[PDB]
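Colleague: the data below comprise the sequence and an experimental structure of the protein.
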Amino acid sequence: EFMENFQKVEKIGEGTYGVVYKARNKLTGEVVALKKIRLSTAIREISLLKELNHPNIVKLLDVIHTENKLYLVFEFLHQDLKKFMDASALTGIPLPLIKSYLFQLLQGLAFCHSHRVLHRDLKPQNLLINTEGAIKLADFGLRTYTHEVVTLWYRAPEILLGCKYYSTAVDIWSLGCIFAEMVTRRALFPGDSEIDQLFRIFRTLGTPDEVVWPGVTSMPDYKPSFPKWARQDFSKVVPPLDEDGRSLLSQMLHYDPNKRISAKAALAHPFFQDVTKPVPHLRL
Ligand SMILES: Cc1ncc(-c2ccnc(Nc3ccc(S(C)(=O)=O)cc3)n2)n1C(C)C
């Protein structure tokens, strides 16, 4: 019944919760992204997200509950960062554009974190970009319905070690992983299981201990039998990124979530002293 309001133009995602269509509001001709989830607590919580409006958050226009389906109607953007990263792979995204995207995402996070909203599943597939140089956070997250594996590559270590309470720091870790990936053109920690993800982190950043992360050894999934890898330098991890970028990235990848840089503090980092807003070249 609801779909009679909307012309499905094409399928754009098999999102974490459901399928997303580009669609055209049959009466207004507004073009939107429409997410169909298959099925009260959620209705109330998701309805509150209609108020979490910011230029770097994809605008949630409406939330419809009808006939054991939840539909979410969003402002439409034309592509994700994953596709831009894959397209820019031979050449690299120019540093000023990486910088601008990071700064923008940080502004978005600072906003939602100030309102005690976490994302919990940041990844290149839910960062969306336009021709005007904007990037926006989509698909806030609290197998897929198509049985596709949900990616672990940007999961913070506290999640992987079983922490029950997430803090805003989980987002900062995800974004640091994405920043590194923009710079190097390869995923930082491409785990293909929970333990493979954790051990990739450990192999690059050192196996965490009580010195760098007090309370780590008391975590639910911590095991004394984890191998003990020494830390590597960042100069090896994200060459040829400059000192300011390296320093920022190191702070976004602190193990302790209480030491990890906040979005707000990251926006003050000297890395952004010369930030600008370049226009990407998009082929739509
Ligand atoms: C999970 C989710 N919920 C809402 C969206 C959403 C919201 C706004 N616009 C879009 N547009 C879009 C996404 C990806 C691509 S493509 C060709 O690069 O795959 C093309 C256009 N999508 N999404 C996205 C993240 C699928």
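Modeller: Thanks, I have the structure now. Numbers count the residues shown, from 1 in each chain.

Colleague: which parts of the stretch 101-250 of the chain sit against the ligand?
Modeller: Within reach of the ligand by Cβ under 6 Å from any ligand atom, the stretch 101-250 of the chain has these residues: 125-126, 128, 138-139. For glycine as for every other residue, the C-beta is placed from the backbone atoms N, C-alpha and C.

Colleague: same thing but 8 Å
Modeller: When proximity is defined as Cβ under 8 Å from any ligand atom, the stretch 101-250 of the chain approaches the ligand at 125-126, 128, 136, 138-139.

Colleague: filter these down to the ones in strands?
Modeller: 128, 136 (DSSP state E).

Colleague: distance check, the nearest residue to residue 283 once chain neighbours are set aside against residue 178.
Modeller: Take residue 283 and drop its neighbours on the chain: the residue closest to it by Cβ to Cβ, 6 or more residues apart in numbering is residue 87, 7.5 Å away. Noted for residue 87: a distance of 16 Å to residue 178, by Cβ to Cβ, to the nearest Å.

Colleague: the two: which is more packed in?
Modeller: More crowded of residue 87 and residue 178, by other Cβ atoms under 10 Å: residue 178, with 26 against 15.

Colleague: distance check, that one against residue 35.
Modeller: In terms of Cβ to Cβ, residue 178 sits 22 Å off from residue 35.

Colleague: and if you look at residue 89?
Modeller: Distance from residue 89 to residue 35, by Cβ to Cβ: 28 Å.

Colleague: contacts for the longest helix along the chain next, please.
Modeller: Longest helix in the chain, counting residues (DSSP state H): helix 95-114. Residues outside helix 95-114 that contact it (Cβ atoms under 8 Å, 6 or more residues apart in numbering): 52, 54-57, 81, 93, 118-119, 127, 129, 133-137, 140, 168, 171-172, 175, 178-179, 182-183, 262-264, 266-267, 271-272, 274-278, 280.

Colleague: what about the closest residue to residue 276 other than its chain neighbours, neighbour count?
Modeller: For residue 276, ignoring the flanking residues on the chain, the nearest one in space by Cβ to Cβ, 6+ apart is residue 96 at 5.6 Å. By other Cβ under 10 Å, the residues close to residue 96 number 13.

Colleague: swap in residue 203?
Modeller: Residue 203 has 15 nearby residues by other Cβ under 10 Å.

Colleague: give me the secondary structure label for it.
Modeller: Classification of residue 203 using DSSP: H, G, I helix; E, B strand; the rest coil returns helix.

Colleague: so how far is the ligand from it?
Modeller: Separation of residue 203 from the ligand (Cβ to the nearest ligand atom, to the nearest Å): 30 Å.

Colleague: these two touch, right, that residue and residue 228?
Modeller: No - using Cβ atoms under 8 Å, residue 203 is not in contact with residue 228; the gap is 10.9 Å.

Colleague: show me the chain divided up by domain.
Modeller: Listed domain ranges for the chain are 3-78, 79-281 (source: curated CATH domains).

Colleague: the shortest one and the ligand in contact?
Modeller: Yes - Domain 3-78 comes into contact with the ligand (Cβ under 8 Å from any ligand atom), by way of 12-13, 15-17, 20, 22, 32-33, 35, 58, 72, 74-78.

Colleague: so how far is that domain off the chain centroid?
Modeller: 19 Å (Cα atoms, centre = their mean, to the nearest Å).

Colleague: dihedrals phi and psi, the residue nearest to the spatial centre of the chain?
Modeller: In the chain, the centroid-proximal residue (Cα atoms, centre = their mean) is residue 122; its distance is 1.6 Å. Per-residue torsions, residue 122: phi -70, psi 140 (degrees, to the nearest 10).
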